[PDB]
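Protein chains in written order, with PDB author numbering: chain A, 1 to 379; chain D, 2 to 379. From the three backbone atoms N, C-alpha and C, an ideal C-beta is built for every residue, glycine too. In what follows, a structure is listed as structure tokens, so that the remarks can point back to it.
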Amino acid sequence: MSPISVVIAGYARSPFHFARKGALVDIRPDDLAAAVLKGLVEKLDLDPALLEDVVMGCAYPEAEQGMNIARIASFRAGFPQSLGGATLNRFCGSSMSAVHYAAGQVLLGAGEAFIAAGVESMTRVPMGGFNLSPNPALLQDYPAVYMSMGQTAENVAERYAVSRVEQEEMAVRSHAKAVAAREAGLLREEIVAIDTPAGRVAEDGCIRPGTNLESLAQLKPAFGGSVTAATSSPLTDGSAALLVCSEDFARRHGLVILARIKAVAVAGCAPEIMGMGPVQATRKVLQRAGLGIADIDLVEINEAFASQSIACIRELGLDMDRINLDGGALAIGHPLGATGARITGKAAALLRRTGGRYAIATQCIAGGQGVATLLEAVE
Amino acid sequence: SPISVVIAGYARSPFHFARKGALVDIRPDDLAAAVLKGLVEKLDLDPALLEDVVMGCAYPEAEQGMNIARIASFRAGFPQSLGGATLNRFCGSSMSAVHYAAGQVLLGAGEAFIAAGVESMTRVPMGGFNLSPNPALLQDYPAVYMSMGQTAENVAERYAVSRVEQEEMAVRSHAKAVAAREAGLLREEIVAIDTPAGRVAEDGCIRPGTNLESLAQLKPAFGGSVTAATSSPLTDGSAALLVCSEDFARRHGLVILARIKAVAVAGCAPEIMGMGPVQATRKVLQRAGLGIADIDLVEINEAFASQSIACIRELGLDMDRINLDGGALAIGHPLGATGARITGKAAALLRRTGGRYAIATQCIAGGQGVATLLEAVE
């Protein structure tokens with residue numbers, strides 16, 4: 001007689017690079033995803049034949065991200081044909097929903113170990129895909145369904161009263177925290193270096209040290225309002241992967257357990273303010289875990305925009321000093337499919353490193369959704 | 002103390018031929034929405050009670066793009082409070098949508114889900130608009146991109162399924178579909194769809210009086226034993242299930258079709274992807290503590306007569322217990338929607354026939370299988 005325990009027992013990712021001008025422009029997303037899958041199981045010294053399934057998050061699963069990129073990446077990584085592979089699109093939250101899927105399968109007794117990963121080459125598959133075909137009836141009846149992400153960011157800045165200067169202070173803090181993490185070697189363990197035509201890429205490319213209020217105040221508005229390129233996550237290339245498995249499996253294979261998955265959630269919201277997704281998703285995981293915000297040691301909230309990240313943190317009553325401890329997406333980047341796996345893996349790794357008890361990973365999703373994962377330390 | 006996960010609803014569009022059938026004018030997001038709306042109207046269920054819509058789709062791009070789960074959900078008039086996520090495991094996408102939903106019920110992450118799928122093989126072509134095979138795998142491992150027809154021939158050769166044996170399954174599949182359709186036994190699962198041309202309420206792919214003599218006169222499709230007629234057709238269609246806790250079904254006075262007792266995925270060699278159901282079925286049996294002897298009926302997808310027959314023999318199943326109301330040869334195979342149809346139909350048949358246990362299982366492009374084992378609710 002034993003509690004069902006689902007744990008994160010591995011977290012790896014590529015460095016994240018600016019789309020179009022960064023170090024990963026020449027790497028196919030299927031090849032990049034493969035590199036990280038192979039990197040994770042090599043960091044763990046884990047036989048991939050022990051895995052049930054690879055679940056790969058991807059916002060635009062077409063073109064080089066098509067043909068079930070989970071299964072393509074798995075083949076390309078040299079993993080056995082006995083694994084399953086599936087690709088999951090919940091846009092910005094895809095690879096956090098991959099974690100929820102794998103967690104559900106562990107409870108169903110349908111396998112003991114999974115990779116929950118994500119990928120986005122925002123260089124090689126442009127945000128929106130090819131052949132964008134909006135529903136004509138929804139364009140007329142419900143146009144907010146297809147609202148630009150930047151307009152949702154302005155809507156939140158207005159409706160939740162987040163000034164341009166307040167957004168710019170988050171940008172300064174997110175870069176300063178990433179720089180401090182990188183320079184202390186605190187991003188090294190999670191990174192799988194990637195071979196490219198130009199050479200080995202081993203370090204994050206989106207961090208801009210010395211980001212400061214005076215230089216930010218000179219930038220042009222991006223969406224005819226308060227938001228700028230610097231208070232918006234950049235177009236990013238990258239992949240992240242987690243090992244999601246039973247506590248028993250991790251113990252059996254001598255794996256270090258980063259954290260236990262204690263509760264999960266999805267919540268819909270109004271598309272016009274999609275950035276507020278995290279509020280209902282976080283309230284759900286607290287209600288399901290039997291916890292309050294005062295119980296949470298740290299939070300990874302994705303910085304899709306400063307406007308929505310700040311509006312969420314205020315609405316939940318979170319201390320900004322407990323947010324995005326090693327930097328957030330303004331600095332680190334936001335390759336859509338990969339972010340959920342990254343912020344979940346990172347929250348787990350930070351909970352273990354900081355000696356905390358509980359953490360939450362949460363983000364917003366285009367089309368009006370939020371996802372959250374509540375993590376618990378393992379003794 | 003287990004939570005019990007049930008199927009408490011099954012709806013689908015009529016399934017029609019790609020390019021020449023009755024659904025060619027319906028965008029797949031619109032077709033999925035019609036089925037979502039039909040399902041909740043059949044159940045008289047308020048969709049505000051639903052946690053999430055999980056939509057299977059083999060090619061989630063263009064008219065199937067932009068997270069078709071969420072688009073279909075909005076188009077059906079469901080509240081913004083629901084989640085929406087699109088899942089691609091090609092042929093098995095919407096069975097993996099059931100598996101996802103069942104795990105979320107167990108996690109206590111919601112009590113009611115729609116697990117659905119859609120494919121308009123008319124309006125999004127197989128391979129998508131920008132097929133880009135991994136250059137390294139084209140060199141190292143070309144079988145990854147093997148055509149489904151070549152895998153069907155591989156299985157016919159290696160598992161010794163003659164062209165006549167394949168044609169005998171084509172005959173029985175169509176005959177079984179005609180018996181069901183003629184007795185009104187397909188009507189309850191169907192949501193009629195409005196089209197520019199008028200209301201479509203009947204399946205289009207059934208070819209009544211399909212027979213050995215006429216099949217034997219057709220030309221091979223893949224330089225072997227397989228023909229157009231022993232291959233599932235290119236199909237347009239959508240299917241949706243209500244996957245929910247037993248407590249939620251009882252509380253809302255919903256008729257339960259079946260309990261989900263076990264689930265599985267299993268990888269296999271892409272070059273014989275059609276044998277996916279063997280390891281997937283053996284997994285759900287082992288997990289359920291059951292033998293093939295225990296199973297009253299099976300829905301095994303008829304992607305190809307060759308792989309369906311080869312799997313049925315490998316598992317030692319009585320053909321009389323397979324695809325009671327017809328199989329994909331006759332009903333159609335709109336990739337993203339098939340897993341939800343065969344799981345849904347297997348649950349509905351388990352209830353209608355008074356059996357204890359059923360299996361829904363299928364093969365998947367890229368070498369995978371999926372299986373769901375269902376139990377009658379006492």
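Residue-level contact to chain D via CB, residue 48 (chain A), 7 Å cutoff: no
Nonlocal neighbours in the same chain, by C-beta distance under 6 Å from residue 138 (chain A), ignoring five residues either side: 145
Opening and closing residue of the beta strand (DSSP E) in which residue 92 (chain A) lies: First-last for residue 92 (chain A): undefined, no H or E at that position.
8 Å Cβ cut-off: residues of chain A touching residue 76 (chain D): 135, 137 and 138
At least three beta-carbon pairs within less than 8 Å, the region 270–286 of chain D to the region 302–316 of chain D: yes
Residues that DSSP places opposite residue 200 (chain D) in a beta bridge: Note: residue 200 (chain D) sits in a beta bridge opposite D:195.
For residue 114 (chain D), the residue or residues it bridges with in DSSP: Looking at the DSSP assignment, residue 114 (chain D) forms a beta bridge with D:53 and D:244.
Chain D within 7 Å of residue 99 (chain A), Cβ atoms only: Taking Cβ atoms only, chain D never reaches closer than 7 Å to residue 99 (chain A), which makes this a no.
For residue 264 (chain D), the nearest candidate out of A:274, A:102 and A:2 (CA to CA): A:102
Backbone CA spacing between residue 157 (chain A) and residue 257 (chain D) [nearest angstrom]: 47 Å
is_contact[residue 283 (chain A), chain D] using C-beta, thresh 7 Å: no
DSSP state of residue 146 (chain D) mapped onto helix, strand, coil: helix
Closest residue to residue 297 (chain A) among A:68, A:323 and A:131 (Cα-Cα distance): Between residue 297 (chain A) and the set A:68, A:323 and A:131, the nearest pair of CA atoms involves A:323.
Local conformation of residue 33 (chain D) per DSSP, three classes: Of the three classes helix, strand and coil, the one that applies to residue 33 (chain D) here is helix, per DSSP.
Contacts of residue 195 (chain A) in chain D (Cβ-Cβ under 9 Å): Residues of chain D passing the Cβ test: none, with the nearest at roughly 12 Å.
Minimum Cβ-Cβ distance from residue 55 (chain A) to chain D less than 7 Å: no
Chain B contact residues for residue 294 (chain A), given Cβ-Cβ distances below 7 Å: No chain B is part of this structure, whose protein chains are labelled A and D.
Pick from D:19, D:79, D:63 and D:7 that is closest to residue 34 (chain D), judged by C-alpha positions: D:79
For residue 237 (chain D): DSSP bridge partner residues: Beta bridge pairing from DSSP links residue 237 (chain D) with D:17 and D:121.
CB contact below 7 Å: residue 374 (chain D) versus chain A: no
Alpha-carbon to alpha-carbon, residue 349 (chain D) and residue 136 (chain D): 45 Å
Limits of the alpha helix (DSSP H) - the one that residue 168 (chain A) falls within: 164–183
Residues that residue 46 (chain A) bridges to, as DSSP identifies them: Residue pairing by DSSP places residue 46 (chain A) in no beta bridge whatsoever.
Interface flag, residue 288 (chain A) vs chain D, CB-CB below 7 Å: yes
Nearest neighbour of residue 272 (chain A), chosen from A:334, A:61, A:203 and A:151 [CA to CA]: A:151
Cross-chain neighbours of residue 358 (chain D) in chain A, by beta carbon under 8 Å: What residue 358 (chain D) touches in chain A: nothing, since even the nearest Cβ is about 17 Å away.
Same chain, Cβ closer than 6 Å to residue 41 (chain D), five either side skipped, listed in chain order: 48
Residue 181 (chain A) and residue 326 (chain A) closer than 7 Å at C-beta: If you check the CB distance, residue 181 (chain A) and residue 326 (chain A) come in under 7 Å.
CB contact below 7 Å: residue 219 (chain A) versus chain D: no
The alpha helix (DSSP H) enclosing residue 277 (chain A), as first and last residue numbers: 277–289
Proximal chain A residues relative to residue 247 (chain D), where beta-carbon distance stays under 9 Å: Result: empty, since nearest Cβ-Cβ is about 15 Å, beyond 9 Å.
Partner residues on chain D for residue 338 (chain A), Cβ-Cβ distance less than 7 Å: Residues of chain D passing the Cβ test: none, with the nearest at roughly 16 Å.
Extent of the continuous beta strand (DSSP E) to which residue 261 (chain D) belongs: 259–268
7 Å Cβ cutoff met for residue 9 (chain A) and residue 187 (chain A): No, these two residues do not count as a Cβ contact at 7 Å.
Short CB-CB distance (under 7 Å) between residue 90 (chain D) and chain A: yes
Whether residue 171 (chain D) touches residue 306 (chain D) by CB criterion (7 Å): yes
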